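**Q** Supplied structure: input-v8.pdb, PDB, C-alpha atoms.
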ATOM      1  CA  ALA A   1     138.853 224.823 169.105  1.00  0.00           C
ATOM      2  CA  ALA A   2     137.749 227.122 171.932  1.00  0.00           C
ATOM      3  CA  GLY A   3     136.001 229.341 169.390  1.00  0.00           C
ATOM      4  CA  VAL A   4     138.140 232.392 170.129  1.00  0.00           C
ATOM      5  CA  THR A   5     137.639 234.890 167.297  1.00  0.00           C
ATOM      6  CA  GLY A   6     140.405 237.329 166.404  1.00  0.00           C
ATOM      7  CA  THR A   7     144.100 237.638 165.620  1.00  0.00           C
ATOM      8  CA  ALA A   8     146.517 235.489 167.626  1.00  0.00           C
ATOM      9  CA  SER A   9     149.823 236.978 168.760  1.00  0.00           C
ATOM     10  CA  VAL A  10     152.433 236.540 171.481  1.00  0.00           C
ATOM     11  CA  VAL A  11     152.992 239.376 173.954  1.00  0.00           C
ATOM     12  CA  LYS A  12     154.957 239.959 177.150  1.00  0.00           C
ATOM     13  CA  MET A  13     153.222 241.005 180.368  1.00  0.00           C
ATOM     14  CA  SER A  14     153.907 244.329 182.080  1.00  0.00           C
ATOM     15  CA  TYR A  15     152.143 245.483 185.257  1.00  0.00           C
ATOM     16  CA  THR A  16     152.055 248.889 186.948  1.00  0.00           C
ATOM     17  CA  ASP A  17     150.658 249.890 190.340  1.00  0.00           C
ATOM     18  CA  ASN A  18     149.380 253.059 191.982  1.00  0.00           C
ATOM     19  CA  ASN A  19     152.878 253.812 193.300  1.00  0.00           C
ATOM     20  CA  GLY A  20     154.148 253.967 189.725  1.00  0.00           C
ATOM     21  CA  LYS A  21     156.388 250.929 190.144  1.00  0.00           C
ATOM     22  CA  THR A  22     156.367 248.504 187.224  1.00  0.00           C
ATOM     23  CA  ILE A  23     157.289 244.851 186.682  1.00  0.00           C
ATOM     24  CA  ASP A  24     157.368 242.349 183.826  1.00  0.00           C
ATOM     25  CA  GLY A  25     156.440 238.678 183.729  1.00  0.00           C
ATOM     26  CA  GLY A  26     156.658 235.831 181.211  1.00  0.00           C
ATOM     27  CA  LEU A  27     154.877 235.323 177.905  1.00  0.00           C
ATOM     28  CA  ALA A  28     151.219 235.097 176.934  1.00  0.00           C
ATOM     29  CA  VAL A  29     148.856 235.134 173.956  1.00  0.00           C
ATOM     30  CA  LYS A  30     146.650 238.180 173.381  1.00  0.00           C
ATOM     31  CA  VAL A  31     143.449 238.200 171.324  1.00  0.00           C
ATOM     32  CA  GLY A  32     141.824 241.605 171.503  1.00  0.00           C
ATOM     33  CA  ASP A  33     141.681 242.586 175.159  1.00  0.00           C
ATOM     34  CA  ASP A  34     141.874 238.925 176.220  1.00  0.00           C
ATOM     35  CA  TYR A  35     145.054 237.161 177.323  1.00  0.00           C
ATOM     36  CA  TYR A  36     146.251 233.627 177.974  1.00  0.00           C
ATOM     37  CA  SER A  37     149.365 232.483 179.800  1.00  0.00           C
ATOM     38  CA  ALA A  38     151.858 231.088 177.302  1.00  0.00           C
ATOM     39  CA  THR A  39     154.628 228.503 177.524  1.00  0.00           C
ATOM     40  CA  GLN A  40     157.679 228.317 175.267  1.00  0.00           C
ATOM     41  CA  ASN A  41     158.160 225.290 173.072  1.00  0.00           C
ATOM     42  CA  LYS A  42     161.813 224.297 172.952  1.00  0.00           C
ATOM     43  CA  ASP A  43     161.848 225.117 169.215  1.00  0.00           C
ATOM     44  CA  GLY A  44     160.747 228.743 169.638  1.00  0.00           C
ATOM     45  CA  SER A  45     157.037 228.182 169.032  1.00  0.00           C
ATOM     46  CA  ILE A  46     154.458 229.060 171.683  1.00  0.00           C
ATOM     47  CA  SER A  47     151.627 227.177 173.384  1.00  0.00           C
ATOM     48  CA  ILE A  48     148.712 228.155 175.617  1.00  0.00           C
ATOM     49  CA  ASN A  49     148.676 226.856 179.183  1.00  0.00           C
ATOM     50  CA  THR A  50     145.603 224.873 180.210  1.00  0.00           C
TER
ATOM     51  CA  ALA B   1     140.604 250.197 203.846  1.00  0.00           C
ATOM     52  CA  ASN B   2     144.061 251.783 204.035  1.00  0.00           C
ATOM     53  CA  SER B   3     144.393 253.333 200.588  1.00  0.00           C
ATOM     54  CA  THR B   4     148.147 253.529 201.187  1.00  0.00           C
ATOM     55  CA  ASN B   5     148.344 249.809 200.403  1.00  0.00           C
ATOM     56  CA  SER B   6     149.991 248.786 197.161  1.00  0.00           C
ATOM     57  CA  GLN B   7     148.453 246.021 195.083  1.00  0.00           C
ATOM     58  CA  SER B   8     151.120 243.684 196.455  1.00  0.00           C
ATOM     59  CA  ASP B   9     150.114 244.348 200.060  1.00  0.00           C
ATOM     60  CA  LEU B  10     146.456 244.021 199.105  1.00  0.00           C
ATOM     61  CA  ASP B  11     147.205 240.576 197.698  1.00  0.00           C
ATOM     62  CA  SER B  12     149.158 239.752 200.855  1.00  0.00           C
ATOM     63  CA  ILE B  13     146.108 240.466 203.004  1.00  0.00           C
ATOM     64  CA  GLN B  14     143.817 238.732 200.505  1.00  0.00           C
ATOM     65  CA  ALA B  15     145.935 235.616 200.947  1.00  0.00           C
ATOM     66  CA  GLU B  16     145.274 235.307 204.665  1.00  0.00           C
ATOM     67  CA  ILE B  17     141.618 236.222 204.129  1.00  0.00           C
ATOM     68  CA  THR B  18     141.243 233.386 201.633  1.00  0.00           C
ATOM     69  CA  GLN B  19     143.072 230.965 203.902  1.00  0.00           C
ATOM     70  CA  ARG B  20     140.883 231.833 206.884  1.00  0.00           C
ATOM     71  CA  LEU B  21     137.686 231.465 204.867  1.00  0.00           C
ATOM     72  CA  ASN B  22     138.812 228.105 203.493  1.00  0.00           C
ATOM     73  CA  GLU B  23     139.654 227.007 207.025  1.00  0.00           C
ATOM     74  CA  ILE B  24     136.112 227.935 208.068  1.00  0.00           C
ATOM     75  CA  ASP B  25     134.777 225.724 205.295  1.00  0.00           C
ATOM     76  CA  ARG B  26     137.113 222.926 206.377  1.00  0.00           C
ATOM     77  CA  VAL B  27     135.919 222.950 209.971  1.00  0.00           C
ATOM     78  CA  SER B  28     132.277 223.201 208.928  1.00  0.00           C
ATOM     79  CA  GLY B  29     132.657 220.192 206.650  1.00  0.00           C
ATOM     80  CA  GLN B  30     134.718 218.060 209.009  1.00  0.00           C
ATOM     81  CA  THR B  31     132.959 218.570 212.350  1.00  0.00           C
ATOM     82  CA  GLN B  32     130.765 215.651 213.338  1.00  0.00           C
ATOM     83  CA  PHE B  33     129.315 213.894 216.374  1.00  0.00           C
ATOM     84  CA  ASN B  34     129.334 210.107 216.034  1.00  0.00           C
ATOM     85  CA  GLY B  35     129.141 210.746 212.295  1.00  0.00           C
ATOM     86  CA  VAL B  36     126.424 213.418 212.429  1.00  0.00           C
ATOM     87  CA  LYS B  37     127.553 216.298 210.203  1.00  0.00           C
ATOM     88  CA  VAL B  38     126.334 218.857 212.715  1.00  0.00           C
ATOM     89  CA  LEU B  39     127.469 221.703 210.431  1.00  0.00           C
ATOM     90  CA  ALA B  40     126.625 220.356 206.964  1.00  0.00           C
ATOM     91  CA  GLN B  41     122.828 220.624 206.712  1.00  0.00           C
ATOM     92  CA  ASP B  42     119.760 222.031 208.415  1.00  0.00           C
ATOM     93  CA  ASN B  43     118.440 219.263 210.640  1.00  0.00           C
ATOM     94  CA  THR B  44     116.240 218.448 213.611  1.00  0.00           C
ATOM     95  CA  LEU B  45     117.472 215.690 215.919  1.00  0.00           C
ATOM     96  CA  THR B  46     115.119 213.780 218.205  1.00  0.00           C
ATOM     97  CA  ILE B  47     115.746 213.214 221.906  1.00  0.00           C
ATOM     98  CA  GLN B  48     113.069 211.390 223.869  1.00  0.00           C
ATOM     99  CA  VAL B  49     113.041 212.684 227.438  1.00  0.00           C
ATOM    100  CA  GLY B  50     109.866 211.140 228.875  1.00  0.00           C
TER
ATOM    101  CA  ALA C   1     130.468 241.195 224.260  1.00  0.00           C
ATOM    102  CA  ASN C   2     131.086 240.104 220.674  1.00  0.00           C
ATOM    103  CA  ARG C   3     129.765 243.404 219.348  1.00  0.00           C
ATOM    104  CA  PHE C   4     131.964 245.434 221.681  1.00  0.00           C
ATOM    105  CA  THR C   5     134.994 243.267 220.912  1.00  0.00           C
ATOM    106  CA  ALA C   6     134.566 243.842 217.190  1.00  0.00           C
ATOM    107  CA  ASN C   7     134.174 247.572 217.785  1.00  0.00           C
ATOM    108  CA  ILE C   8     137.331 247.586 219.903  1.00  0.00           C
ATOM    109  CA  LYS C   9     139.429 245.864 217.262  1.00  0.00           C
ATOM    110  CA  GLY C  10     138.093 248.134 214.532  1.00  0.00           C
ATOM    111  CA  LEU C  11     138.903 251.255 216.517  1.00  0.00           C
ATOM    112  CA  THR C  12     142.374 249.917 217.268  1.00  0.00           C
ATOM    113  CA  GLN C  13     142.985 249.453 213.552  1.00  0.00           C
ATOM    114  CA  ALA C  14     141.642 252.924 212.809  1.00  0.00           C
ATOM    115  CA  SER C  15     144.328 254.114 215.211  1.00  0.00           C
ATOM    116  CA  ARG C  16     147.225 252.941 213.056  1.00  0.00           C
ATOM    117  CA  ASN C  17     145.329 254.071 209.966  1.00  0.00           C
ATOM    118  CA  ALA C  18     145.250 257.629 211.281  1.00  0.00           C
ATOM    119  CA  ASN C  19     148.895 257.229 212.271  1.00  0.00           C
ATOM    120  CA  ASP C  20     149.984 256.460 208.722  1.00  0.00           C
ATOM    121  CA  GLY C  21     147.822 259.285 207.412  1.00  0.00           C
ATOM    122  CA  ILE C  22     149.584 261.705 209.737  1.00  0.00           C
ATOM    123  CA  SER C  23     152.941 260.279 208.683  1.00  0.00           C
ATOM    124  CA  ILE C  24     152.257 260.861 204.990  1.00  0.00           C
ATOM    125  CA  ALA C  25     150.911 264.334 205.739  1.00  0.00           C
ATOM    126  CA  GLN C  26     154.074 265.272 207.624  1.00  0.00           C
ATOM    127  CA  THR C  27     156.297 263.897 204.863  1.00  0.00           C
ATOM    128  CA  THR C  28     154.339 265.989 202.373  1.00  0.00           C
ATOM    129  CA  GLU C  29     154.703 269.072 204.554  1.00  0.00           C
ATOM    130  CA  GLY C  30     158.451 268.627 204.930  1.00  0.00           C
ATOM    131  CA  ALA C  31     158.993 268.229 201.199  1.00  0.00           C
ATOM    132  CA  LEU C  32     156.691 271.193 200.570  1.00  0.00           C
ATOM    133  CA  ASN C  33     158.671 273.318 203.004  1.00  0.00           C
ATOM    134  CA  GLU C  34     161.976 272.458 201.380  1.00  0.00           C
ATOM    135  CA  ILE C  35     160.666 273.224 197.894  1.00  0.00           C
ATOM    136  CA  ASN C  36     159.180 276.522 199.110  1.00  0.00           C
ATOM    137  CA  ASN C  37     162.590 277.238 200.598  1.00  0.00           C
ATOM    138  CA  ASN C  38     164.134 276.478 197.196  1.00  0.00           C
ATOM    139  CA  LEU C  39     161.477 278.499 195.343  1.00  0.00           C
ATOM    140  CA  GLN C  40     161.402 281.897 197.032  1.00  0.00           C
ATOM    141  CA  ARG C  41     165.201 281.939 197.024  1.00  0.00           C
ATOM    142  CA  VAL C  42     164.932 281.535 193.246  1.00  0.00           C
ATOM    143  CA  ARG C  43     162.370 284.311 192.914  1.00  0.00           C
ATOM    144  CA  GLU C  44     165.033 286.452 194.578  1.00  0.00           C
ATOM    145  CA  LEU C  45     167.404 285.835 191.661  1.00  0.00           C
ATOM    146  CA  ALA C  46     164.528 286.477 189.277  1.00  0.00           C
ATOM    147  CA  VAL C  47     163.973 289.921 190.792  1.00  0.00           C
ATOM    148  CA  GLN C  48     167.714 290.590 190.682  1.00  0.00           C
ATOM    149  CA  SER C  49     167.469 289.905 186.947  1.00  0.00           C
ATOM    150  CA  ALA C  50     165.488 293.095 186.360  1.00  0.00           C
ATOM    151  CA  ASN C  51     168.502 295.396 186.737  1.00  0.00           C
ATOM    152  CA  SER C  52     169.547 297.015 183.469  1.00  0.00           C
ATOM    153  CA  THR C  53     173.241 297.218 184.381  1.00  0.00           C
ATOM    154  CA  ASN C  54     173.695 293.441 184.125  1.00  0.00           C
ATOM    155  CA  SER C  55     175.980 292.103 181.423  1.00  0.00           C
ATOM    156  CA  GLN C  56     174.512 289.194 179.507  1.00  0.00           C
ATOM    157  CA  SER C  57     177.228 286.958 180.950  1.00  0.00           C
ATOM    158  CA  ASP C  58     175.858 287.792 184.399  1.00  0.00           C
ATOM    159  CA  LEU C  59     172.312 287.221 183.153  1.00  0.00           C
ATOM    160  CA  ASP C  60     173.322 283.775 181.917  1.00  0.00           C
ATOM    161  CA  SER C  61     175.041 283.118 185.260  1.00  0.00           C
ATOM    162  CA  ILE C  62     171.860 283.969 187.166  1.00  0.00           C
ATOM    163  CA  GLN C  63     170.004 281.738 184.712  1.00  0.00           C
ATOM    164  CA  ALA C  64     172.454 278.975 185.605  1.00  0.00           C
ATOM    165  CA  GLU C  65     171.732 279.422 189.307  1.00  0.00           C
ATOM    166  CA  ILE C  66     167.974 279.418 188.732  1.00  0.00           C
ATOM    167  CA  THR C  67     168.260 276.295 186.578  1.00  0.00           C
ATOM    168  CA  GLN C  68     170.326 274.638 189.302  1.00  0.00           C
ATOM    169  CA  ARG C  69     167.538 275.336 191.766  1.00  0.00           C
ATOM    170  CA  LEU C  70     164.937 273.981 189.341  1.00  0.00           C
ATOM    171  CA  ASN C  71     166.979 270.795 188.983  1.00  0.00           C
ATOM    172  CA  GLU C  72     167.265 270.546 192.763  1.00  0.00           C
ATOM    173  CA  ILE C  73     163.499 271.001 193.112  1.00  0.00           C
ATOM    174  CA  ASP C  74     162.873 268.184 190.651  1.00  0.00           C
ATOM    175  CA  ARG C  75     165.444 265.981 192.392  1.00  0.00           C
ATOM    176  CA  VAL C  76     163.934 266.571 195.827  1.00  0.00           C
ATOM    177  CA  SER C  77     160.397 266.017 194.564  1.00  0.00           C
ATOM    178  CA  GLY C  78     161.448 262.703 193.057  1.00  0.00           C
ATOM    179  CA  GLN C  79     163.284 261.725 196.237  1.00  0.00           C
ATOM    180  CA  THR C  80     160.336 262.520 198.511  1.00  0.00           C
ATOM    181  CA  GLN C  81     158.505 259.287 199.254  1.00  0.00           C
ATOM    182  CA  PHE C  82     156.814 257.354 202.034  1.00  0.00           C
ATOM    183  CA  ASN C  83     156.391 253.569 202.130  1.00  0.00           C
ATOM    184  CA  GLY C  84     156.882 253.411 198.388  1.00  0.00           C
ATOM    185  CA  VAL C  85     154.526 256.352 197.793  1.00  0.00           C
ATOM    186  CA  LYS C  86     155.674 259.536 196.041  1.00  0.00           C
ATOM    187  CA  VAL C  87     153.367 262.247 197.346  1.00  0.00           C
ATOM    188  CA  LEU C  88     154.449 265.114 195.081  1.00  0.00           C
ATOM    189  CA  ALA C  89     155.020 262.881 192.048  1.00  0.00           C
ATOM    190  CA  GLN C  90     151.363 262.571 191.036  1.00  0.00           C
ATOM    191  CA  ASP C  91     147.863 263.869 191.589  1.00  0.00           C
ATOM    192  CA  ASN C  92     145.869 261.566 193.821  1.00  0.00           C
ATOM    193  CA  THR C  93     143.179 261.092 196.442  1.00  0.00           C
ATOM    194  CA  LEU C  94     143.945 258.694 199.298  1.00  0.00           C
ATOM    195  CA  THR C  95     141.178 257.245 201.475  1.00  0.00           C
ATOM    196  CA  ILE C  96     141.974 256.260 205.066  1.00  0.00           C
ATOM    197  CA  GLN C  97     139.093 254.662 206.936  1.00  0.00           C
ATOM    198  CA  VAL C  98     138.993 255.816 210.552  1.00  0.00           C
ATOM    199  CA  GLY C  99     135.740 254.153 211.627  1.00  0.00           C
TER
END
So that I can check it, write out the structure of this file as structure tokens.
**A**
Amino acid sequence: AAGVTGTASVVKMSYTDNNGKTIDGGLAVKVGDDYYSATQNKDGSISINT
Amino acid sequence: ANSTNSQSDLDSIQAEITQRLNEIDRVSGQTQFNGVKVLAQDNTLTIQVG
Amino acid sequence: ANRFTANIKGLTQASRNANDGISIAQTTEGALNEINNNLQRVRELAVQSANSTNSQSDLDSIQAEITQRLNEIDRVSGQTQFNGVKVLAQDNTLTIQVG
């Protein structure tokens, strides 16, 4: 609907800083270099937050 | 400017910066004399003195 | 007055900026000194190695000591930090405004 062109997949977020420390977040949807925060459906499917 | 700052500390400072700026906007919008939005638009007010 | 006040606050902040720069520099120097201390002492064993009379058991023992010192160097380098920053753990340029 948004016209996003590319493969759709579910990925988990990892962030690293200049110190070298690293953390991990929740779930999101990645198309190419783009991302979108994702929410878990109770059945195991995934949705995009809006 | 302290390059020692981690991204977390940079966000910490950014938070107060954003809050202070938004407070500036709040005061500018809300100030008024007898309803005159003295900080919301360029104006020229008349005062007869003769 | 406003101009001078702003200048005053900026200079005050530059103060603590320089302070943290000095702190990180001194931490770096201390770690450097300890590793130098743990490096030349190792080169001593290396020179001792050259003797022909050594039995290969003794050569492996001296290798064990040198490896112990290498492990200690790595351990100390990893330990060395300041405010969540590991100075010897990575190449880097750090900018500290002082004006």
**Q** Go through the shown structure with the PyMOL selection byres ((chain A) within 8 of (chain B)) and write out the matching residues as a list in words.
**A**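 Taken on the displayed file, the PyMOL selection byres ((chain A) within 8 of (chain B)) yields the residues residues 17, 18 and 19 of chain A.
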**Q** If we count only C-alpha atoms and set the cut-off at 10 Å, which residues sit around residue C:14, ignoring sequence neighbours fewer than 6 positions away in its own chain? Please answer as a ChimeraX atom specification.
**A** /B:1-2 /C:8,20,96-99
**Q** Distance atom CA of residue C:64-atom CA of residue C:91, one decimal place?
**A**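 Atom CA of residue C:91 lies at a distance of 29.5 Å from atom CA of residue C:64.
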**Q** May I have a table of the residues of chain C lying at most 9 Å from chain A, giving each one's closest pair of atoms and their distance in Å to one decimal, counting all atoms listed in the file, ordered by chain and ascending residue number, as a tab-separated table?
**A**
residue	atom	partner	partner_atom	distance
C:84	CA	A:19	CA	6.5
C:85	CA	A:19	CA	5.4
C:86	CA	A:19	CA	6.9
**Q** Evaluate the PyMOL selection byres ((chain C and resi 66-71) around 8) against this structure - the residues, as a PyMOL selection string, please.
**A** chain C and resi 38-39+42+45-46+62-65+72-75
**Q** Create the file for the chosen residues now, containing C-alpha atoms and written as a PDB file, in the coordinates of the input.
**A**
ATOM      1  CA  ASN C  38     164.134 276.478 197.196  1.00  0.00           C
ATOM      2  CA  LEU C  39     161.477 278.499 195.343  1.00  0.00           C
ATOM      3  CA  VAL C  42     164.932 281.535 193.246  1.00  0.00           C
ATOM      4  CA  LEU C  45     167.404 285.835 191.661  1.00  0.00           C
ATOM      5  CA  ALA C  46     164.528 286.477 189.277  1.00  0.00           C
ATOM      6  CA  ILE C  62     171.860 283.969 187.166  1.00  0.00           C
ATOM      7  CA  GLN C  63     170.004 281.738 184.712  1.00  0.00           C
ATOM      8  CA  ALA C  64     172.454 278.975 185.605  1.00  0.00           C
ATOM      9  CA  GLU C  65     171.732 279.422 189.307  1.00  0.00           C
ATOM     10  CA  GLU C  72     167.265 270.546 192.763  1.00  0.00           C
ATOM     11  CA  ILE C  73     163.499 271.001 193.112  1.00  0.00           C
ATOM     12  CA  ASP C  74     162.873 268.184 190.651  1.00  0.00           C
ATOM     13  CA  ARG C  75     165.444 265.981 192.392  1.00  0.00           C
TER      14      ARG C  75
END
**Q** Applied to this file, what does the PyMOL selection byres ((chain A and resi 27-33) around 12) return in terms of residues, put as a list in words?
**A**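 On the file shown, the PyMOL selection byres ((chain A and resi 27-33) around 12) covers residues 3, 4, 5, 6, 7, 8, 9, 10, 11, 12, 13, 14, 24, 25, 26, 34, 35, 36, 37, 38, 39, 40, 41, 45, 46, 47, 48 and 49 of chain A.
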**Q** Grab the residues selected above and save them as a tab-separated table (two decimals), in the coordinates of the input with C-alpha atoms.
**A**
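Resulting contents of result_10.tsv:
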chain	number	residue	atom	x	y	z
A	3	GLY	CA	136.00	229.34	169.39
A	4	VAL	CA	138.14	232.39	170.13
A	5	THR	CA	137.64	234.89	167.30
A	6	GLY	CA	140.40	237.33	166.40
A	7	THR	CA	144.10	237.64	165.62
A	8	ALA	CA	146.52	235.49	167.63
A	9	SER	CA	149.82	236.98	168.76
A	10	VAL	CA	152.43	236.54	171.48
A	11	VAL	CA	152.99	239.38	173.95
A	12	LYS	CA	154.96	239.96	177.15
A	13	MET	CA	153.22	241.00	180.37
A	14	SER	CA	153.91	244.33	182.08
A	24	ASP	CA	157.37	242.35	183.83
A	25	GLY	CA	156.44	238.68	183.73
A	26	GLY	CA	156.66	235.83	181.21
A	34	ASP	CA	141.87	238.92	176.22
A	35	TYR	CA	145.05	237.16	177.32
A	36	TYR	CA	146.25	233.63	177.97
A	37	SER	CA	149.36	232.48	179.80
A	38	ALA	CA	151.86	231.09	177.30
A	39	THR	CA	154.63	228.50	177.52
A	40	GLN	CA	157.68	228.32	175.27
A	41	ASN	CA	158.16	225.29	173.07
A	45	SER	CA	157.04	228.18	169.03
A	46	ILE	CA	154.46	229.06	171.68
A	47	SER	CA	151.63	227.18	173.38
A	48	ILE	CA	148.71	228.16	175.62
A	49	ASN	CA	148.68	226.86	179.18
**Q** Please determine an axis-aligned box that encloses all atoms of stretch 8-20 of chain B listed in the file, with 8 Å added on each side, and express its centre and edge lengths in Å to one decimal as AutoDock Vina command-line options.
**A**
--center_x 146.0 --center_y 237.7 --center_z 201.7 --size_x 26.2 --size_y 29.4 --size_z 26.4
**Q** Would you work out the distance separating atom CA of residue C:76 from atom CA of residue C:88, expressed in Å to one decimal?
**A**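 Distance between the two atoms: 9.6 Å.
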**Q** So which one's closest to chain B, C:27, C:93, C:54, C:5? Using all atoms listed in the file, please.
**A**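 Ranked by minimum distance to chain B, first place goes to C:93.
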**Q** Could you work out how far atom CA of residue B:23 lies from atom CA of residue B:44, giving the answer in Å with one decimal?
**A** 25.8 Å
**Q** Rank B:10, B:15, B:39, B:45 by their smallest atom-to-atom distance to residue B:27, using all atoms listed in the file, and report the top residue only.
**A**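 Residue with the minimum atom-to-atom distance to residue B:27: B:39.
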**Q** Looking at only C-alpha atoms, which of C:55, C:37, C:7, C:13 is the one that sits closest to chain B?
**A**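 So, comparing all the options, the nearest one is C:13.
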**Q** Looking at all atoms listed in the file, which of C:41, C:17, C:1, C:57 is the one that sits closest to chain B?
**A**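 Between C:41, C:17, C:1, C:57, the residue approaching chain B most closely is C:17.
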**Q** Could you check the closest approach to chain C for each of B:43, B:22, B:31, B:9 and tell me which residue wins, using all atoms listed in the file?
**A** B:9
